[PDB]
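Quick note, the sequence shown lines up with residues 233 to 548 if you use the UniProt record's numbering.
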Amino acid sequence: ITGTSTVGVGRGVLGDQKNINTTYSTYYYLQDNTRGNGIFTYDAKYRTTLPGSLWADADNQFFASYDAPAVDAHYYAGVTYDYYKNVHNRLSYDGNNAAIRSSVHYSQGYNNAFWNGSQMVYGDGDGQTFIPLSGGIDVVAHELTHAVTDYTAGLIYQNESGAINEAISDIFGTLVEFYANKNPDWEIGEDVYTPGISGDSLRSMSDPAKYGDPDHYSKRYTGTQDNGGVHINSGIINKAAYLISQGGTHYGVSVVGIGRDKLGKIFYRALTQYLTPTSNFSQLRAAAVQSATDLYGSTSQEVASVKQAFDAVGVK
Ligand SMILES: [Ca+2]
Ligand SMILES: [Ca+2]
Ligand SMILES: [Ca+2]
Ligand SMILES: [Ca+2]
Ligand SMILES: [Zn+2]
């Protein structure tokens, strides 16, 4: 909507207070004009119609329980935009400041979130498995990273290319979480997963096997469920990414860590310059090696660590 940029205040899912960029025109809308061509957050009103209604608020104060998922989806979309702009010089998910749109309160008791090809979508969870999923900054950046992938490599959401697609979203979801620097970790969704259980998460990059996901190519899933295990086989790539950044020895293969920033540079370059819709795990290794060669040299430690890491997880 056409209006004037304003700044509201509210509370997120976890109860923290944050300022949000809004737009005033009769009502205060969750429309952030300070980033690209706008970040817009919508109310799906417990329905599955999308996008729903642009979030309208009467007083620019968002402290109601019903406001919390919208506050976080709006705010964490902004943080993710900042990450890609400041760190990778990327303007929104299409590189041309495309408007970013999110809907919260999707359906009833919906234990998931997703990017649907046009926008992010967040359920509220059932209160047992999940609380509203936009409360996890790694979840928000995960979904928005799917948009980035859609507009670059376009990895088909099936089998190994789909598992790469998922891993990419976990990697930068985690790197965004580290970028915001609030309780960062190498686990996915811990901030919104099972409020009754401390310390658990949906997935683990440091130890995917913690939740039954493979940490080595020899344990890859190859049935038909989960579009061929895209959320399962991602553990193989997540583990390799984790090893590249943090280092460690895995199935007897020692990896020298090079840190989060260099991981992000290598994998962003791989994503945006070398990966294609049909890339498999082996081609991802080649993409990452060539990327690290472009950035640091063919004889660099960075290249050697990429090779070590994929060796560790059994990808040649
Ligand atoms: Ca209000
Ligand atoms: Ca965390
Ligand atoms: Ca996390
Ligand atoms: Ca939990
Ligand atoms: Zn995903």
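We treat Cβ as the ideally placed atom computed from N, Cα and C, and that holds for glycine.
Asked                                                                                                                                        : Found
Determine the DSSP secondary structure at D264, reduced to helix, strand or coil.                                                            : strand
In three-state terms, what does DSSP make of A385?                                                                                           : coil
How many angstroms separate the CA atom of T236 from the CA atom of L286?                                                                    : 16 angstroms
According to DSSP, what are the bridge partners of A288?                                                                                     : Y261
At which residues does the alpha helix (DSSP H) containing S514 begin and terminate?                                                         : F513 to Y528
Output yes or no for whether 8 angstroms exceeds the beta carbon distance between residue 549 and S477.                                      : Here the chain has residues from 233 to 548 only, and residue 549 is not among them.
If you count every other CB in all the chains shown that lies within 10 Å of the CB of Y307, and 16 or more means buried, which is it?       : buried
Does the region 429–445 touch the region 493–509, meaning 3 or more C-beta pairs lie closer than 8 angstroms?                                : no
Note down the Cα distance separating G247 from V239, rounded to an integer number of angstroms.                                              : 19 angstroms
Do residue 550 and ligand 5 come close, with the Cβ less than 7 angstroms from some heavy atom?                                              : As shown, the chain starts at 233 and ends at 548. That puts residue 550 outside it, with no answer to give.
Which residues end up in the neighbourhood of ligand 4 when you take C-beta atoms closer than 5 angstroms to any of its heavy atoms?         : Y425, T426, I429 and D432
Can you tell me which of the three DSSP states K497 falls into?                                                                              : helix
Along the chain, which unbroken stretches of the beta strand (DSSP E) at least 3 residues long are found entirely within the region 288–359? : 332–336, 345–347 and 352–354
Mind listing, in chain order, the residues whose beta carbon lies closer than 6 angstroms to a non-hydrogen atom of ligand 1?                : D289, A290, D291, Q293 and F294
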